[PDB]
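The structure under discussion appears below in the form of structure tokens.
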Amino acid sequence: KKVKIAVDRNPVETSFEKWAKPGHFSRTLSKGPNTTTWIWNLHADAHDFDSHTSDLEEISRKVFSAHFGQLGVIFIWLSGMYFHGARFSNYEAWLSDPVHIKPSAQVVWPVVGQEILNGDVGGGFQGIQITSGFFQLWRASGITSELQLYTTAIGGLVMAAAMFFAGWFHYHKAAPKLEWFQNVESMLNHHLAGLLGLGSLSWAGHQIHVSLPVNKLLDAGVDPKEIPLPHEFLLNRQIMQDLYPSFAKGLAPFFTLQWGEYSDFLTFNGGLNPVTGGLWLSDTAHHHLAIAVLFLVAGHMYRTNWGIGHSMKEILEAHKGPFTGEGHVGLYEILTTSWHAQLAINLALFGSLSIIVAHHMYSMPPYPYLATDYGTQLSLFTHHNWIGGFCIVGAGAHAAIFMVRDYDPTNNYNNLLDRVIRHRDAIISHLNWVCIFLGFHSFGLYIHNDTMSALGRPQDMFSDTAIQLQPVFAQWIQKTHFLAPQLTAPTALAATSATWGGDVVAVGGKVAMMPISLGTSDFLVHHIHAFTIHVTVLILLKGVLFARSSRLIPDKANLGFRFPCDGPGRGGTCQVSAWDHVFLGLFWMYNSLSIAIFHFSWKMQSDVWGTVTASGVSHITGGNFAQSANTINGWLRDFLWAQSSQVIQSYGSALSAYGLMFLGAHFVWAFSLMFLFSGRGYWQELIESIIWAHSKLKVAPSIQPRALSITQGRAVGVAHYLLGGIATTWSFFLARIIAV
Amino acid sequence: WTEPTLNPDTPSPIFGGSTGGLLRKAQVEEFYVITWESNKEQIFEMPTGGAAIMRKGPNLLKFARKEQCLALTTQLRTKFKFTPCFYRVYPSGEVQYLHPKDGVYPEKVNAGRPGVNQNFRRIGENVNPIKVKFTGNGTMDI
Amino acid sequence: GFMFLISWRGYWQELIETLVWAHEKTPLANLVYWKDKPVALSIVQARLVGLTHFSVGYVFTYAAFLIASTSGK
Amino acid sequence: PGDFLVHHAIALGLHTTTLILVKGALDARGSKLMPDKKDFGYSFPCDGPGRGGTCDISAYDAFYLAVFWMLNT
Amino acid sequence: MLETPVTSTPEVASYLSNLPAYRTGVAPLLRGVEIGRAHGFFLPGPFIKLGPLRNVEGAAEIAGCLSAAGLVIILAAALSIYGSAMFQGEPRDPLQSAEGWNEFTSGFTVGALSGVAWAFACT
Amino acid sequence: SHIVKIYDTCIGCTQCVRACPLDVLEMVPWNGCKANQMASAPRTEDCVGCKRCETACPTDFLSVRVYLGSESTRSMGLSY
Amino acid sequence: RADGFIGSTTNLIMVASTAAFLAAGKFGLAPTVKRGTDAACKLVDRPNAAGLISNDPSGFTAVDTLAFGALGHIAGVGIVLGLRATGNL
Amino acid sequence: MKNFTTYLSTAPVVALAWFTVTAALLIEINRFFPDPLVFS
Ligand code: CLA
Ligand code: CLA
Ligand code: CLA
Ligand code: CLA
Ligand SMILES: CC1=C(/C=C/C(C)=C/C=C/C(C)=C/C=C/C=C(C)/C=C/C=C(C)/C=C/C2=C(C)CCCC2(C)C)C(C)(C)CCC1
Ligand SMILES: CC1=C(C/C=C(\C)CCC[C@H](C)CCC[C@H](C)CCCC(C)C)C(=O)c2ccccc2C1=O
Ligand code: SF4
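Spelled out as structure tokens, the structure:
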């Protein structure tokens with residue numbers, strides 16, 4: 011019960027002998043290759059540590075070390091960004107004129123006429139307009155030169171080497187024992203206070219000493235190459251005192267509890283900076299300060315080696331009621347003896363967080379000169395939404411993996427886990443019904459508007475001009491948060507975001523953030539999102555509940571997670587596994603997220619993004635979302651077809667790379683329909699004829715060529731299908747928004 | 053061995069109930085009844101969904117599919133090394149001893165089993181479909 | 661047509677099983693019942709059903725273009 | 515020269531669609547994976563997950579697949 | 054299948070037993086006029102307020118109850134063919163019998179159209 | 002019901018029997034193999050057409066053959 | 025604590041809060057290393073895994089002098105700023 | 001080193017090398033002899 015560091019000295023030896031023996035990890039693939047399938051198998055089974063061995067000590071050590079490498083490659087990527095933004099970038103030129111200069115940090119070699127990709131991003135630079143929001147991130151970090159980027163890049167590379175070293179050291183040298191990994195109370199206590207709490211406080215230090223004075227001077231008009239370097243603010247109190255008089259007192263107000271005096275670098279203004287169009291840096295500093303105290307205190311809840319504290323096992327068991335049988339008693343062990351259970355829960359919240367971050371960041375642009383960079387905003391919102399949607403699908407997959415691999419019917423008697431597996435046909439049935447309802451009562455009022463418009467009856471349509479369906483509930487929450495600062499949140503000088511309502515923030519004659527108005531089309535598109543979200547959940551949840559068994563095939567648990575079909579009998583049993591419920595829940599995720607990114611792309615270009623002219627603002631599309639989005643044709647004529655002009659006509663210009671990728675993406679998406687619509691039977695025999703030709707000329711390969719497995723073809727098709735569609739939108743969005 | 057007779061008053065395992073068991077078919081069409089004899093009270097996994105505590109000595113569980121009963125049969129024969137036997141209760145009460153229907157579980161050879169559906173030719177010695185055209189008889193069966 | 665080609669018989673079959681349970685349990689609706697047991701489309705059947713949808717589309721989508729673009733001018 | 519490329523593309527469709535149908539016709543009653551295909555008739559879903567995968571092994575599925583290439587051509 | 058607080062509350066297991074379908078004992082025709090009027094009176098609503106001629110004067114209620122009558126008649130034919138395709142062998159509750167359904171259908175057709183008329187006489 | 006046929010190419014491995022999910026196959030005595038056993042299919046009325054037995058037949062081609070034919074409640078494995 | 029604020033209402037409030045909360049653990053009026061609590065907020069005692077050795081007669085351990093005073097510090101800050109925001113301070 | 005060289009011989013590594021050389025050769029050829037439409 012003692013929380014202590016437990017390690018095993020020099021377990022795995024460091025040698026390349028295993029490197030030369032492909033498949034040493036699997037008993038089955040160690041015997042070498044005899045068919046061309048082994049090649050695809052040694053990759054589809056290299057990270058499945060649970061399959062390699064039954065010891066949970068080794069599986070954990072492998073997982074812990076793996077994560078290290080991941081961090082390493084993340085550092086390498088980050089360091090490369092700073093380096094490319096240090097040597098091959100226009101960051102310094104952009105700093106002087108952020109509005110009229112487009113960010114660029116990728117220069118192509120002058121060959122095969124590919125030098126056309128080096129467009130005039132302005133600022134004596136010819137490169138590729140980036141949409142990663144790094145320039146505005148560095149600006150809000152204070153970075154005012156390419157020597158602070160070069161140093162950072164070097165530091166990231168050094169960290170990378172530490173990460174890989176740590177992975178090898180904590181695997182081949184000091185490998186932690188299982189008892190170490192299963193101290194969840196300790197992990198949470200150190201990840202909440204030490205990682206999140208200190209991580210925010212440490213940032214609240216930079217933001218208060220480097221980012222705030224540098225950004226204030228930059229917004230004051232001071233030349234970037236004339237601002238005092240960051241360290242001078244720390245050492246020279248006079249400089250910081252001039253910018254923030256509260257540094258004349260010192261740390262005395264804090265200890266004297268007179269925090270108020272510091273109300274010049276720690277404020278609750280709210281809204282957006284009128285100069286740069288991004289959340290005040292002062293408010294961000296106060297947020298990270300508060301967030302820190304919260305996390306740091308939260309780190310003192312779970313019990314460790316002393317006495318004070320809580321026992322998550324006891325808490326879960328204590329929470330049981332008159333309807334949920336034994337209650338949460340039995341989940342603690344599941345979540346301290348399974349990596350698939352933990353991963354599933356982690357991915358779900360982590361993925362959902364990514365979407366939530368995208369909504370908040372775009373609504374309240376956190377970086378200077380970010381909202382007026384429309385390409386960056388769009389590229390970020392679309393990105394995080396996908397990155398998150400994928401994780402959620404993974405959460406469903408690993409959940410099913412645990413159910414078919416780590417579930418023990420003995421530990422879960424009357425748990426809320428057995429009591430849910432015991433009513434799966436009520437959960438699934440009701441969810442199926444709501445999906446059908448939401449379907450007809452969301453996509454139907456779109457076909458109805460199409461038919462009524464085509465029949466020349468446009469007064470019999472569902473629009474703000476005819477049968478209206480305004481989102482009243484969403485319209486009231488918008489007003490409770492716009493008039494909140496005057497009542498609910500007095501200390502706040504302004505509302506959290508302009509989206510709720512108010513004036514239009516303009517920076518450089520462009521709309522940084524404009525109050526968004528929700529109408530019939532917003533109501534219609536929002537319910538469309540709900541229908542998709544519900545369906546996606548139905549497919550993944552269905553796979554998890556019946557991952558072990560069902561009226562059709564009452565032994566799936568003994569068949570596995572990645573098994574194609576029980577057989578051609580029972581009227582056909584294809585895609586009965588939980589991998590095939592994840593396979594299909596990916597297409598719906600693409601369908602669900604695609605509409606969301608299209609909804610953001612069109613709504614914004616139509617109702618927010620534009621140029622503030624004398625008396626009025628000119629939106630990218632002249633405010634046509636309301637009347638043009640209630641029909642499916644409007645989504646094709648006024649969105650797809652109309653906005654596709656930039657990408658289809660990008661050839662010959664710096665944006666020509668997107669036109670090429672736009673088509674290339676169509677090819678990949680369509681190519682995927684040869685594996686999603688076909689079957690090995692046809693390819694296997696076809697290969698037999700090819701082998702014959704090879705065996706005639708005596709050029710037949712020693713390894714037996716075999717067609718892709720049933721599950722493999724399903725994976726290859728879905729992979730190319732998602733890659734193609736997302737790539738098409740990536741080219742469309744980027745070339746549209748960068749051109750306009 | 054004598055085809056065991058069903059005792060429909062056999063203690064049934066402990067289980068709260070599931071929305072995943074018998075439907076109208078059980079009465080309108082037919083259902084099946086697996087029975088076994090435990091050594092201790094143990095939790096097993098139901099081939100329909102969930103967990104149940106088997107009782108000591110005689111146990112009796114009813115399903116609407118033979119595969120479900122046989123699934124539990126293998127589970128008991130492997131996880132608990134039991135020797136379960138199941139029948140088929142028709143709507144009229146006609147119980148038919150389905151497994152093993154011989155005493156010796158199918159896998160094991162036992163004299164007294166006739167050969168049914170046994171073609172004595174290589175699978176590649178079957179006639180052409182044209183030889184059985186308009187005969188309404190399969191090439192394999194012919 | 662894609663659903664009948666991308667998706668296969670199994671997720672639908674098990675889904676139909678849940679639907680059968682719900683109807684038999686639903687009151688006032690349990691009175692009305694199906695004469696034929698609801699089953700998912702056959703493996704070969706779905707292949708032709710999806711292909712008919714796929715073909716019909718390719719024909720109507722083009723017939724529309726070929727006629728409305730040629731006539732429009 | 516624009517017609518040259520499209521004409522060769524039409525040839526590709528003619529040859530491929532043909533290859534799909536011809537392969538199915540020749541392997542209609544024979545194949546290393548399914549040497550008894552004639553005994554299983556023309557339209558059969560598959561021979562099971564045995565031998566890796568027998569999905570779409572019937573000569574009905576050479577038609578089913580050839581239709582897509584025919585529409586593409 | 055899992056006796057839940059919802060599917061057992063004696064109040065709701067009694068509400069269901071007074072509805073003219075679980076009230077076995079009332080002659081199937083009288084268990085059809087009851088259900089028919091109940092399902093028939095509320096039918097006109099959706100057509101009167103949201104139908105094609107919903108914004109015309111006076112002819113917005115005649116057109117709703119005329120349309121309702123139409124559907125009522127359509128519902129009747131489906132009820133009839135159902136009994137013909139379910140009681141081929143004329144399968158306790160006489161409603162669940164060949165003659166039982168033919169008298170329930172008729173009670174519904176004469177009760178629903180009476181309800182549709184009650185709703186027009188209530189406008 | 003599906004048609005299951007055991008050809009003379011049987012080695013009496015009993016693997017197909019220990020593979021049937023609905024007790025359709027059994028091992029009867031024979032003289033053409035050194036294991037003096039040949040799988041029979043007594044109850045093809047319970048065959049679902051899973052073809053698990055074929056996936057368990059080790060002999061060249063397949064000694065056991067499941068010819069999916071007529072479909073019933075048992076053949077379709079329907080618990081409705 | 026600076027600029028000789030000693031004697032100031034803030035000093036008195038913080039001192040009172042820290043003391044009132046250390047004398048709520050040394051005097052068994054709240055959870056402590058040993059004598060923890062329950063699902064009904066009743067001290068049901070507790071075994072500490074390090075087995076802290078305290079000379080204090082009641083057994084108050086350093087873990088408990090840095091876990092009750094911290095509560096007093098947070099409470100004092102909340103009260104000081106709260107009264108400060110109001111007319112109370 | 002015998003086993004490191006064995007790893008550097010595996011298909012993925014050898015293909016990565018062969019292709020890189022071939023790609024670089026074509027790139028360098030166009031770098032010195034650009035716009036090679038005809039063999040003249
Ligand atoms: C640097 C020296 C070194 C050496 C000689 C070895 C040697 C060995 N390691 Mg090891 N390891 C190292 C470093 C090293 N390791 C480091 C730094 C880490 C931390 C990440 C690990 C973590 C690790 C784990 C978790 C495991 C091993 C295992 C093993 C043994 C067999 C597996 C193997 O390595 O085959 C060769 C494997 C590869 C060549 C794969 C390379 C993967 C590396 C880490 C990164 C590749 C990611 C790639 C870039 C992703 C992007 C691809 C994309 C660009 C297309 C073997 C004796 C396994 C074992 O113990 O035996 C069962 C085992 O499970 N190692
Ligand atoms: C204040 C204490 C503390 C802190 C700050 C952290 C921080 C972290 N832990 Mg951790 N952990 C702790 C205590 C702590 N832990 C204890 C006491 C235990 C045992 C109960 C664990 C067991 C544990 C496990 C099993 C895992 C982590 C992981 C992680 C990382 C999360 C992955 C990530 O987001 O990468 C983000 C990267 C960064 C934010 C950069 C910071 C990286 C630094 C170098 C990590 C240093 C942490 C370490 C405690 C410092 C001492 C190192 C020293 C001995 C050289 C993260 C950086 C995961 C991981 O290893 O990911 C790779 C994971 O698998 N921890
Ligand atoms: C922290 C996140 C996380 C972690 C740790 C894992 C870990 C694991 N997953 Mg997993 N997964 C995740 C997220 C995660 N997953 C998410 C978000 C999804 C939803 C998409 C999935 C979906 C998923 C599936 C479907 C499966 C796993 C499986 C597995 C296990 C083995 C994977 C393997 O075989 O390695 C091998 C890795 C590969 C073979 C790489 C695949 C090839 C890549 C993805 C294609 C290239 C993509 C890229 C865009 C191409 C660029 C262009 C190209 C030309 C270069 C393993 C323990 C497998 C499993 O355990 O099932 C039994 C399994 O089948 N996962
Ligand atoms: C345009 C192609 C298309 C369409 C229309 C649908 C439609 C549907 N899918 Mg689907 N799907 C597709 C492609 C498509 N899918 C593809 C390619 C895949 C592979 C990834 C999937 C995979 C998939 C899965 C896994 C699931 C669905 C499900 C559903 C249903 C959701 C329930 C619902 O909302 O009912 C509402 C009905 C509609 C939205 C269709 C609108 C049609 C109008 C409103 C009907 C009006 C007719 C009118 C009365 C005229 C009658 C004339 C008369 C002659 C007939 C729904 C009907 C789910 C399901 O089965 O139900 C829960 C589900 O499980 N799909
Ligand atoms: C009588 C007796 C004794 C005494 C003892 C003592 C002296 C005690 C005290 C103790 C103490 C001395 C306590 C206190 C504590 C406190 C602390 C430790 C602090 C903490 C802090 C925290 C927790 C945090 C806070 C915060 C900040 C920093 C920021 C903002 C927010 C807040 C406010 C939250 C002797 C032995 C001598 C003798 C014999 C008997
Ligand atoms: C096309 C297709 C194939 C054929 C796919 C194949 C043969 C994969 C092709 C991989 C490559 C092209 C073959 C050899 C891979 C080698 C690693 C490449 C080495 C060649 C050198 C240039 C390196 C299937 O096997 C299949 C199976 C099930 C459902 C659908 C399908 C399907 O649609
Ligand atoms: S078509 Fe493929 S997945 Fe479907 S039953 Fe046949 S072998 Fe299995």
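Residue numbers (the authors' numbering), protein chains in the order written: chain R, 11 to 750; chain S, 53 to 194; chain E, 661 to 733; chain A, 515 to 587; chain D, 54 to 144, 158 to 189; chain P, 2 to 81; chain C, 25 to 113; chain G, 1 to 40. For each residue, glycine too, the CB sits at the ideal point set by N, CA and C.
Quick one: what does DSSP say C:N35 is sitting in, helix, strand or coil? helix
Count the other CB atoms, across all protein chains shown, that sit within 10 Å of the CB of S:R173; report buried if there are 16 or more and exposed otherwise. exposed
At a threshold of 6 Å, does R:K183 count as lining ligand 1 (C-beta to nearest heavy atom)? no
List the whole-angstrom C-beta distance separating R:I543 from R:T46, where the pair is believed to meet the contact cut-off of C-beta under 8 Å. Wrong, their Cβ atoms sit about 40 Å apart, outside the cutoff.
Cβ atoms of R:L105 and R:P234: under 7 Å apart, would you say? yes
Please classify R:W316 as buried or exposed, where buried requires at least 16 neighbouring CB atoms within 10 angstroms. buried
Alpha-carbon to alpha-carbon, R:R724 and A:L535: 24 Å
Between the stretch 207–216 of chain R and the stretch 299–308 of chain R, can you find at least three pairs of beta-carbon atoms closer than 8 Å? yes
With 9 Å as the C-beta to C-beta threshold (strictly closer), list the residues of the stretch 522–550 of chain R near chain D in chain order. none
Endpoints, the beta strand (DSSP E) within which S:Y139 is located: 137–141
Regarding R:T24 and ligand 1, is the C-beta to nearest heavy atom distance less than 6 Å? yes
Note down, one range per segment and in chain order, each alpha helix (DSSP H) of at least 4 residues found wholly within the stretch 95–174 of chain S. 118–131
Rounded to whole angstroms, what is the Cα-Cα separation between R:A557 and A:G564? 22 Å
P:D47 versus S:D193: straight-line alpha-carbon distance, rounded: 18 Å
Could you name the residues of chain C that R:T266 contacts, counting a contact when the two beta carbons are closer than 7 Å? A26, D27, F29, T34
Exposed or buried, what is S:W88 when buried is set at 16 or more other beta-carbons lying within 10 Å of its beta-carbon? buried
With a threshold of 6 Å, establish whether the CB of R:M197 neighbours any heavy atom of ligand 2. yes
Contacting residues, own chain, Cβ-Cβ under 7 Å from R:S531 (five flanking each side not counted): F635, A636, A639, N640
Are there three or more Cβ pairs, one per stretch, closer than 8 Å when the stretch 85–93 of chain R is compared with the stretch 164–178 of chain R? yes
Short check: CB of R:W598 to CB of R:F571, under 7 Å? no
Just tell me which of C:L46, C:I30, C:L95, C:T56 has its CA closest to the CA of C:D69. C:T56
Kindly indicate the opening and closing residues of the beta strand (DSSP E) around R:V17. 17–19
Buried or exposed for R:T38, going by 16 or more other Cβ atoms inside 10 Å? exposed
Let's test the definition: count the other Cβ atoms within 10 Å of the Cβ of R:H53 and tell me whether it reaches 16, buried, or not, exposed. exposed
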